[PDB]
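What follows is one structure encoded as structure tokens, with my remarks underneath.
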Amino acid sequence: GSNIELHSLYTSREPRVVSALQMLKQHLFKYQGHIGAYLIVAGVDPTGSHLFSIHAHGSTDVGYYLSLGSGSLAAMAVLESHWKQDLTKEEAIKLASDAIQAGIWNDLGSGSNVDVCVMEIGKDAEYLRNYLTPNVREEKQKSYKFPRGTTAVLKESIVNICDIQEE
Amino acid sequence: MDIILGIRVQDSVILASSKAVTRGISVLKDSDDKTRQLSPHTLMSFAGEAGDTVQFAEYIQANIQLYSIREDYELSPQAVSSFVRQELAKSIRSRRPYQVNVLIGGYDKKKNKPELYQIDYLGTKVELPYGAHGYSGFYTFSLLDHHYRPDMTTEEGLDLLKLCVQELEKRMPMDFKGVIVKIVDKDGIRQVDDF
Amino acid sequence: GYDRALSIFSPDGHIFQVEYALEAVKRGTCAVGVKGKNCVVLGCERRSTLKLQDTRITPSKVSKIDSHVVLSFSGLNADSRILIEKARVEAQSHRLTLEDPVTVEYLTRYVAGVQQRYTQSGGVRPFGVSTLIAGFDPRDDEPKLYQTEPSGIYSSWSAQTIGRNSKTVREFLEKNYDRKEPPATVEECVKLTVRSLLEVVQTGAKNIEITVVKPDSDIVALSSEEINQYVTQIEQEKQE
Amino acid sequence: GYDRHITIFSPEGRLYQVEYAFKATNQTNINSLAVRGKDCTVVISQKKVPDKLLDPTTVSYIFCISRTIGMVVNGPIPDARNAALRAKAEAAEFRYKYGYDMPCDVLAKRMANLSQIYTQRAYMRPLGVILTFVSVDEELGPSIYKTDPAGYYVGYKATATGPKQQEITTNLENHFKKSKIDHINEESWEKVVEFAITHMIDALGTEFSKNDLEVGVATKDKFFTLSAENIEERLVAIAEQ
Amino acid sequence: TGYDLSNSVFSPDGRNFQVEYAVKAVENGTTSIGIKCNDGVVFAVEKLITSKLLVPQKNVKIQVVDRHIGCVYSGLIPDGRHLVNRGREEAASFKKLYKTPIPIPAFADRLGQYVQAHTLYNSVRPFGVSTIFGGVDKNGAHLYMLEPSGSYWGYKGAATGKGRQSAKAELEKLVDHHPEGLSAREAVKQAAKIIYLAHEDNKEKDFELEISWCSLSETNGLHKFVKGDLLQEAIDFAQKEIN
Amino acid sequence: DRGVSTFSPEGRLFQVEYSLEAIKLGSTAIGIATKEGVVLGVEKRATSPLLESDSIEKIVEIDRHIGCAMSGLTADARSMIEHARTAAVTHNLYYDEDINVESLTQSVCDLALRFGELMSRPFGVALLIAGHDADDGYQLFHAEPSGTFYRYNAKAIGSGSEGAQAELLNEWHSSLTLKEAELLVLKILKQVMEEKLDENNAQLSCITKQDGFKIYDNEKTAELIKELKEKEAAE
Amino acid sequence: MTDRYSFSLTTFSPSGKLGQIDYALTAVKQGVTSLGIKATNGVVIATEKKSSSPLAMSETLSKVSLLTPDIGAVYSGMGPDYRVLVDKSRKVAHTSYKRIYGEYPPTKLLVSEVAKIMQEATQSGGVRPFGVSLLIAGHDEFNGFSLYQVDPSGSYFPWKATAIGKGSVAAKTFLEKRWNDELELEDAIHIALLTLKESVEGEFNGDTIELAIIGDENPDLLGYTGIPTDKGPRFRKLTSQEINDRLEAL
Amino acid sequence: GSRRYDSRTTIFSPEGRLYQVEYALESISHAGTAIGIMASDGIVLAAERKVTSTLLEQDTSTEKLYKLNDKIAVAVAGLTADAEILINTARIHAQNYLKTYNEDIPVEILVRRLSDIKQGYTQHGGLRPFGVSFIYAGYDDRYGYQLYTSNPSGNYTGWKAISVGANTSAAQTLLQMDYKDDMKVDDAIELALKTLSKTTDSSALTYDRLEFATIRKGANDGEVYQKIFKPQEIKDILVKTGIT
Amino acid sequence: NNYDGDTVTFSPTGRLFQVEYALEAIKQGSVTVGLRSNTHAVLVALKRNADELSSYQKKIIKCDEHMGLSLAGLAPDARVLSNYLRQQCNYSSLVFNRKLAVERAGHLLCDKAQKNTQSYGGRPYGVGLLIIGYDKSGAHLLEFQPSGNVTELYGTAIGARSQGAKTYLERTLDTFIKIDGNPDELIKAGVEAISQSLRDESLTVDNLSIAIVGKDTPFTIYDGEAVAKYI
Ligand SMILES: [Cl-]
């Protein structure tokens, strides 16, 4: 991302997904899989909209729908069942979050919330942090707030965080 | 080597170190001094892998002596211990690490206080009232936890040290051929020739 | 790297850079070394152009290389620190490997070797420093006094001076120093060293530094008052 | 006076070695011209084969840097080929590292930065060349970017380089003052080449045969040079109107 | 002034005087030529017999690069050898990576870039040789000539050394009188003549003729030296023409 | 300025020729080779009477069978001696034998021309290398900063060299004894020296097969000086 | 080959002058005028787009450059030297700061890094000094708005307002009369345009003038939404139209 | 080759002087005067900014006084860019010492290190020396309050009171006249400002043309405080001492 | 003049003065002669002494069992170049089990000397060499100049007054080339050739140095009483 920004400034052009893809794969390949990064790279640029996957050893794949991680099989099952050509934005978000939910529920390595990011052509990318929150913890039966003075203390002291003082 | 002990009393630090040098199935020497004087008021005992122990000790000694000449000044025990720790902490991630554990007993002439530092080969430093390396602590810390009081006199420290050595001679399997005892105080370093 | 040959021969067979380094020594404050029967004394000039100086912290002219050897110098002050540092490192290295402190001759040979190396190495200029190295060999009561110079030559001296107006004080020492009977005591040796500096120094106040080295690592620097007593006694005998 | 031998500042704040490299630029006595069409960028250059023993096919100052980028050089051929080989290497490396074809303006900047280094570092001399890069960029469209020994570079609507650059420059300036557009409003590249040749004839005041010119044309996704017969066809069309 | 004391320095003209001084060393050397024929190339060189003690046919000047390229040069002979040694390294690495033998235009640039590199710094001297070279590749015959500046072009005929003006005039006649082309065997004969005619500029000492050739039909596209009967046939033809 | 490794129009290296001038300013050193041994003698030349003359070391041991005398910038000789000693010892380690005097000299002379822009300048010192081996017997070599070494029956280097060499020309013959050579070195040193020759400002040494290389005591040399004075007064 | 110039090309003369730095400053003096003015809520930097030919597209040549989202730079002197400095300045902002602290460097520290690079060209072997003076305007959270000048020597000074290059002496006098500590950004832009008109001979419009500001955060120029703490770059280059609008109220 | 253009920065003159060092000192003699005065209860650092402008942002500006650590500070005279290179090196050295020994670096050791770096540039490398002279004001528990100076030669010396930069001859005479050993910080502050006021090439000494700092044990109990004076605080001390 | 400061500088007429000055060092050197027949190749060298007490500087160096040279000029440079030849002869044997061709040996020397004439910092070699050898194509004689120029010859001479010996060989060309299977007569011709370069001094027992290589004759050097036969 740093090198892409510098490259964008050098070329006076908006960065391309294939540039990030190429820079990532060559870096990962060089480290022979020891950098355990498995990525799904997506974005829009002057060339159009793109979607790629990257594995730790440096291999890349193209597709209309992709999934990675321990819950990728649960997700891919949903994608293979419901994906179609010419999806709308609203349909794609739904399909994407449903694929993540499949992982959340059925995969122990996955859980909690669903994060989404939509990159549409000719628009600002919208990052939807905690798009879904289907795992809020229920209220506890009891409050475990202690009575003050419950813990036994030996010593107390003020810590000097300030600098050396004047006068 | 085997057993190295340290105890910091009121006005001095006492280091006890075994005399045996066993190389396999034979006790080669029974009068080995496992210590080096780093500066007039700083003593370092050591134990670990053969060769590495002396090589490390003399390397540290040389560095501190070089500092003393350059600045015409003796480093504090705390400063020397920090220098030693850094060398070992550097060493542990080397091609071939120094396999050496040390105790640094010094008398700080500025603060007028004895100071005992225990540092292992990983570069793990701790300031203690009494310390040990290897299996020595397993026997001796219970006695020290019991009979030690911080206002002890050097003579009381030596008596408590005798109690430690007696327990070691009773329960340890290896014959370490007694110990050489050295005292570090305001007047410098001296050896107790009868122990 | 910068490889330029700065020290080179001239048509008349001179290495001007080495010779110009001697001119830097000629400019430096006077230093003198006198060895007695059981001691060596190193005298050093302090130019009184610099007052408001803090004499506690200002780098002293005589430097301990080890507990038994000392080094004074004339010439570039910054250059002298590099030689002193190298010498101190070599002194500890010698103790570490040989298990015995350096002889005064060995330490001199090392410092002289460093100075020589800088006269035929690329990209470096010679040291603008001559040194006086004095002390006592381990377990030996014979006094030692050596001199070095930018070219790298070194030699032993019964008494010697270097720096500005060293020609004058060498003149004094040559007529006043007797080899058959050197200064038998510390007093006589210090007195002769102070006398020799008084030929050149100006005022005998804070312009003279004296350092006495005795056998078995017994090195002490005299104070202002102690030196001032020598200065007083010398001139009172002179008024006759 | 060693401030005139290496690239250090003179008391006036000038770099004489850079200025003298500019003078080497005109040593070949060749004039080049570059113009932009709607879908293309055309570059023409004088071709002079003074020796009859020369193989005229090998005499060229136009280079195919990449599939998309072409480069004409004003200056001695050794420095020209030095710049050409480097630009080819840089263009290929760029495609490998970043996954898309190096733009004309980016290559120009890169070569300009390399030239800047020679003006600052003493051991490296400037190249005595002016490099004119042409393409039809996939983002910016028809593009002309020119580099010189000072490390300066800029984009152009049209440009000219050589001994008689000023005459050509003014001729082109006057045309664009009339049309009031940043290019030659023409569909086919053939007619844009005809325009380029016609206006060089008018500016220099000399007639050209097929062997007196050298033409390079940049279109979308390829740059190519015209043969003598392709140029002859171009000269015939000019004469017939 | 002082611009001519250091290599890679531009004079106020925009000239590199050191390269121009290297040319003077080339102009001082013996004559060498190159002739492009129908399906190949012919190289020839003048070898000055300084003394009777020189062993005939032993001090070979023309050099082969790979198995299909011939190189000849005028000026400082060691500089030429250094350039050919580089040419051989360049040709080897090309074939190592790409399998096919190095094409002549490709090979020409390898020498060109290397020679040009010796005009970029004051820590090196330019080459004191003009090199005529060429051979047969997949696209046919090619003849080149490479100057101290790194400048090179393709040629129908090429000549350098002390008798270059005489040689050039002779080469120009052949180009005019043979637009359809010249055969390989004809080119060898003509090459011999031209060296003999160009020897008038070095007429003090007598000389030894040395010829080589690459031809698709005559040598299977490999570089070979002209030896024995074919060499003597060319010498006789040359001697007949001067008389 | 100009290159350090530059040739003059006459075909000589400027720096090598200039180092030879520095050697002419050096103190005299004389070597005489005989069938009973090789004698090496030097002028100490103390700059002041306060300089302890026994610390002046211009004659040096390389090995038990090889000695060396120097003249010129004597500080430059230290690294040459160190190399010589290392070469001599190293060869013994590799081959379980003494090294040939010529081979030792050749190893020293290889350093000479290792200067450029390696060390920054040639050595400013000439060496007389004297020794013995089983193959070629007693030998004396003159090692210069040019990298050239000549073998000599007798040789003088330093400030009084051409005067001393002319004297050695007449005096040397193939039947000289060791005692005769000792006196001859003392005689010629006394001739070319500025100050009056005695045991403190001049030093003798020899190399024999039996005893090896030996620097002479001041008491031993003093007797040879007294023996010289009497034999010159004898006619 | 090898760079055999391992020695300094800038050295002290008997008078104590560093010739090459002085001569670099002379090159800066010949350069086109550029200026910088600091307001209470922003900074403005401006210069003339001196087009070398009317056939040249002067939009492709950027004299005012973004270094970070909140820092911009302009120069006077040798353009090519400026261009490479901007490349290095952009990179050093990442390598020596952003990749360590996860945030962009404050103006003064980025200036310090640029200054360091220029100092090294004044002392290192086989190089001449950079023949430019930079004006770096920027904003950061703890220091607020700031404007720095950086000379060929590597020396840098913070300014309320200043000018460099051709007509700097006259321009600085003009700024001294107009500047106060209560200027709003629009007032500074107005003063910048007035000051810059004096040094310009020919055409004076949005196409011949290059002007940028460090002001309010531009969330419209960020490129994405969804992170409240990311509010967009404070650096903004004024358009040709935006300049001409303010030239009518001039 | 390249030899032709080599100035040879590290050579002796026939008189035995280092050309570049001497010329660097000439450069420094035109720099704004900096003064250091050591007292029994602290140290004062005063320095003059060079012909400033009204448009210079003074409160964020720093060209003379720099902080090396919490105990040590320096006053600069010469090329500011050169000084910052050395300052960053010094700051790193102090941190290295602290990491190694877990104690703050003694003032002299830091001063020696920087002075050794300067020395190196005069003996090897073929590069120009740093055109900088420092005044080091610092404290440690061995020697207490200490003043040092270093110059391009790499030579350093200790002082009770000292000046560097312009008009040091005049300044040093004035300090030598009014300085006494039992002097205190408040008195030293006054002496420093009075000296600058007389030696300045400017018409009058004002707050905007000065940088000022004090190192005091005037910190709550046994510890040391550095005080880099703000523009308003320099203005107040100028009124207090009776200069404006 | 202004263009003789280093080897990297051509003069305005295209000359390399440092190389020419190196060539001058050879002319100052003592004379040495080389000549061959079809069976044998011979080196004859006039050794030079410093004075009457000194030894006579050795002029001939062995490179292999079948190859060696004589020197004229800077002797240390001949040691460097002869050492290089020894290594190259040796590399050919160890790697290819092949004796190094004399022509190829000359090519290697040429290229080594050339690098010193085109680079900054270095200097040309200050010595000339006459290489003789017997390989698979018979007897050979080479003349090496430190400009880089190497030349195969029937006979030649280099050093001071070498023109006299070179003219003699030029007359005797037809005679000595035919001296096949007779080493002593080929040496005689070489000793008679070098005699044409003598003035004042004559060939003595410790003055003369001869070497020979041939069909069934390893490269061997003759000095001292071994050459008294030919005086
Ligand atoms: Cl770049």
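Residues in the structure tokens are numbered from 1 in each chain, the chains being A, B, ... in the order shown, and ligands are numbered from 1 in the order shown.
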Query - region 140-152 of chain E surroundings by only C-alpha atoms, 7 Å radius, close-in-sequence under 2 positions cut, as a PyMOL selection string - result: (chain D and resi 77-78) or (chain E and resi 19+22-23+36+39-41+104+112-113+115-116+119+126-138+154-156+158)
Using the selection just defined, write its residues with N, CA and C atoms as a compact mmCIF listing (two decimals), in the first residue's frame.
# COMPACT_ATOMS: atom_id res chain seq x y z
N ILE D 77 24.68 9.19 -32.52
CA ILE D 77 24.05 7.87 -32.47
C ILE D 77 24.51 7.00 -31.29
N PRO D 78 25.78 7.11 -30.86
CA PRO D 78 26.17 6.25 -29.73
C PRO D 78 25.36 6.55 -28.47
N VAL E 19 38.09 11.17 -27.81
CA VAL E 19 37.60 10.22 -28.82
C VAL E 19 38.18 10.59 -30.18
N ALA E 22 41.62 9.42 -30.34
CA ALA E 22 41.63 7.97 -30.57
C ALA E 22 41.52 7.66 -32.07
N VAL E 23 40.73 8.46 -32.79
CA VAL E 23 40.58 8.31 -34.23
C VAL E 23 41.94 8.46 -34.93
N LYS E 36 30.45 -6.51 -48.55
CA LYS E 36 29.21 -7.27 -48.48
C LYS E 36 28.89 -7.81 -49.87
N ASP E 39 25.46 -13.35 -50.71
CA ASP E 39 24.99 -14.21 -49.63
C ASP E 39 25.96 -14.26 -48.45
N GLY E 40 26.77 -13.22 -48.30
CA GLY E 40 27.77 -13.19 -47.24
C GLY E 40 28.62 -11.93 -47.19
N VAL E 41 29.78 -12.04 -46.54
CA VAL E 41 30.71 -10.92 -46.39
C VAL E 41 32.16 -11.38 -46.55
N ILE E 104 23.73 -10.61 -36.32
CA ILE E 104 24.81 -9.65 -36.56
C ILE E 104 24.44 -8.24 -36.08
N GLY E 112 28.95 -1.93 -29.81
CA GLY E 112 28.65 -0.49 -29.80
C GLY E 112 28.43 0.08 -28.42
N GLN E 113 27.63 -0.60 -27.61
CA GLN E 113 27.33 -0.15 -26.24
C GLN E 113 28.58 -0.19 -25.37
N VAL E 115 31.83 -0.02 -26.41
CA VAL E 115 32.75 1.04 -26.85
C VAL E 115 32.23 2.41 -26.40
N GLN E 116 30.92 2.62 -26.52
CA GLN E 116 30.28 3.86 -26.09
C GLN E 116 30.46 4.08 -24.58
N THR E 119 33.42 6.07 -23.42
CA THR E 119 33.41 7.51 -23.65
C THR E 119 32.61 8.23 -22.56
N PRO E 126 39.21 5.83 -24.39
CA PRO E 126 38.46 5.29 -25.52
C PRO E 126 39.25 4.24 -26.29
N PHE E 127 38.56 3.45 -27.11
CA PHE E 127 39.22 2.44 -27.92
C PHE E 127 39.96 3.07 -29.08
N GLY E 128 41.21 2.65 -29.29
CA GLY E 128 42.02 3.14 -30.39
C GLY E 128 41.92 2.26 -31.62
N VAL E 129 40.70 1.86 -31.97
CA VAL E 129 40.45 1.02 -33.14
C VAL E 129 39.11 1.33 -33.79
N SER E 130 39.08 1.25 -35.12
CA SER E 130 37.83 1.15 -35.87
C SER E 130 37.70 -0.30 -36.33
N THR E 131 36.60 -0.94 -35.96
CA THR E 131 36.42 -2.37 -36.21
C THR E 131 35.42 -2.60 -37.33
N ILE E 132 35.85 -3.33 -38.36
CA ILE E 132 34.95 -3.80 -39.41
C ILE E 132 34.62 -5.26 -39.09
N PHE E 133 33.34 -5.59 -39.07
CA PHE E 133 32.90 -6.93 -38.72
C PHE E 133 31.55 -7.26 -39.34
N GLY E 134 31.20 -8.54 -39.30
CA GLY E 134 29.92 -8.99 -39.84
C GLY E 134 29.88 -10.49 -40.09
N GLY E 135 28.82 -10.94 -40.75
CA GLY E 135 28.64 -12.35 -41.05
C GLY E 135 27.25 -12.67 -41.55
N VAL E 136 26.89 -13.95 -41.50
CA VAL E 136 25.59 -14.43 -41.97
C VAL E 136 24.74 -14.89 -40.78
N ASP E 137 23.49 -14.44 -40.75
CA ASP E 137 22.53 -14.91 -39.77
C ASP E 137 21.25 -15.35 -40.49
N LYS E 138 20.18 -15.59 -39.72
CA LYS E 138 18.89 -16.02 -40.27
C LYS E 138 18.30 -15.04 -41.29
N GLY E 154 25.38 -0.01 -40.76
CA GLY E 154 25.49 -1.09 -41.74
C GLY E 154 26.17 -0.55 -42.99
N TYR E 155 26.88 -1.42 -43.70
CA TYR E 155 27.61 -1.01 -44.90
C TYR E 155 27.47 -2.00 -46.04
N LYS E 156 27.54 -1.48 -47.26
CA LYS E 156 27.70 -2.29 -48.46
C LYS E 156 29.18 -2.62 -48.61
N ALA E 158 33.09 -1.28 -46.56
CA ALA E 158 33.68 -0.50 -45.48
C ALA E 158 35.20 -0.55 -45.54
Write down as a compact mmCIF listing (two decimals) with N, CA, C and O atoms, in the first residue's frame the residues of region 49-132 of chain C whose backbone DSSP state falls under strand (DSSP E or B).
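Writing done, so here's result25.txt:
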# COMPACT_ATOMS: atom_id res chain seq x y z
N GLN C 53 39.81 28.96 31.81
CA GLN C 53 39.75 27.52 31.58
C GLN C 53 39.31 26.80 32.84
O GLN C 53 39.59 27.25 33.95
N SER C 63 48.63 11.32 29.70
CA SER C 63 47.57 10.31 29.71
C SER C 63 48.11 8.95 30.13
O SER C 63 49.16 8.52 29.64
N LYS C 64 47.40 8.28 31.04
CA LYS C 64 47.73 6.91 31.41
C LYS C 64 47.28 5.95 30.31
O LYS C 64 46.10 5.94 29.94
N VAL C 69 52.20 2.71 32.68
CA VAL C 69 52.76 3.48 31.56
C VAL C 69 51.95 4.75 31.32
O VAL C 69 50.73 4.74 31.42
N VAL C 70 52.65 5.83 30.98
CA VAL C 70 52.01 7.10 30.65
C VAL C 70 52.51 7.65 29.31
O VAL C 70 53.59 7.29 28.84
N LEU C 71 51.69 8.51 28.71
CA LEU C 71 51.99 9.10 27.41
C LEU C 71 51.67 10.59 27.42
O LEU C 71 50.53 10.98 27.72
N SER C 72 52.67 11.40 27.12
CA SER C 72 52.47 12.83 26.85
C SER C 72 52.80 13.08 25.39
O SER C 72 53.32 12.19 24.71
N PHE C 73 52.49 14.28 24.90
CA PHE C 73 52.66 14.59 23.48
C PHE C 73 52.81 16.08 23.19
O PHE C 73 52.50 16.93 24.03
N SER C 74 53.28 16.37 21.98
CA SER C 74 53.30 17.72 21.44
C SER C 74 52.77 17.67 20.01
O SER C 74 53.19 16.82 19.23
N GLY C 75 51.85 18.57 19.68
CA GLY C 75 51.27 18.64 18.35
C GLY C 75 49.76 18.78 18.40
O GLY C 75 49.22 19.37 19.33
N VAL C 124 44.82 8.91 3.77
CA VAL C 124 45.06 9.40 5.12
C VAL C 124 46.29 10.29 5.17
O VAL C 124 47.22 10.12 4.38
N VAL C 129 51.74 14.67 15.50
CA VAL C 129 51.99 14.42 16.92
C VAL C 129 53.31 13.67 17.13
O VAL C 129 53.59 12.69 16.44
N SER C 130 54.11 14.15 18.08
CA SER C 130 55.23 13.38 18.63
C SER C 130 54.89 13.07 20.07
O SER C 130 54.30 13.91 20.76
N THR C 131 55.24 11.87 20.53
CA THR C 131 54.90 11.45 21.89
C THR C 131 56.13 11.17 22.73
O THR C 131 57.20 10.85 22.20
N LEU C 132 55.97 11.32 24.04
CA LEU C 132 56.93 10.82 25.02
C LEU C 132 56.22 9.74 25.83
O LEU C 132 55.22 10.02 26.50
Requested in this report: Compute the chain I side of the contact with chain G at 12 Å, counting only C-alpha atoms, and hand it back as a list in words.
Outcome: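 Within 12 Å of chain G on chain I, we get residues 118, 119, 120 and 121 of chain I.
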Query raised in the report: Got a sec to tell me which of region 37-118 of chain G DSSP assigns to alpha helix (DSSP H), as a PyMOL selection string?
Result: chain G and resi 79-93+99-101+107-118
Requested in this report: Write down, as a PyMOL selection string, each residue of chain C that has any atom within 12 Å of an atom of chain H, counting only C-alpha atoms.
Outcome: chain C and resi 1-7+15-28+49-61+75-83+85+118-119+121-129
**Report entry** Test item: residues lying within 12 Å of ligand 1 with only C-alpha atoms and all ligand atoms, as a ChimeraX atom specification
**Finding:** /A:6-7,9-11 /D:90,94,106-117,151 /G:80-81,83-88,91
Can you check which parts of chain H lie within 12 Å of chain E? Per residue, the shortest pair of atoms and distance in Å to one decimal, counting only C-alpha atoms, sorted by chain and number, as JSON lines.
{"residue": "H:1", "atom": "CA", "partner": "E:123", "partner_atom": "CA", "distance": 5.0}
{"residue": "H:2", "atom": "CA", "partner": "E:122", "partner_atom": "CA", "distance": 6.8}
{"residue": "H:3", "atom": "CA", "partner": "E:123", "partner_atom": "CA", "distance": 9.9}
{"residue": "H:4", "atom": "CA", "partner": "E:6", "partner_atom": "CA", "distance": 9.2}
{"residue": "H:5", "atom": "CA", "partner": "E:6", "partner_atom": "CA", "distance": 11.0}
What does the file look like for those residues with N, CA and C atoms, as a PDB file, in the first residue's frame?
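Full text of result-v3.pdb as output:
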ATOM      1  N   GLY H   1      42.483  11.200 -14.850  1.00  0.00           N
ATOM      2  CA  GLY H   1      41.285  10.689 -14.120  1.00  0.00           C
ATOM      3  C   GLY H   1      40.697  11.699 -13.149  1.00  0.00           C
ATOM      4  N   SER H   2      40.148  11.198 -12.045  1.00  0.00           N
ATOM      5  CA  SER H   2      39.446  12.038 -11.070  1.00  0.00           C
ATOM      6  C   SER H   2      40.383  12.898 -10.213  1.00  0.00           C
ATOM      7  N   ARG H   3      41.620  12.437 -10.015  1.00  0.00           N
ATOM      8  CA  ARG H   3      42.630  13.169  -9.226  1.00  0.00           C
ATOM      9  C   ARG H   3      42.687  14.666  -9.541  1.00  0.00           C
ATOM     10  N   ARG H   4      42.561  14.996 -10.823  1.00  0.00           N
ATOM     11  CA  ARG H   4      42.619  16.380 -11.303  1.00  0.00           C
ATOM     12  C   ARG H   4      41.752  17.351 -10.493  1.00  0.00           C
ATOM     13  N   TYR H   5      40.576  16.885 -10.070  1.00  0.00           N
ATOM     14  CA  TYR H   5      39.562  17.739  -9.440  1.00  0.00           C
ATOM     15  C   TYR H   5      39.538  17.643  -7.907  1.00  0.00           C
TER      16      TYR H   5
END
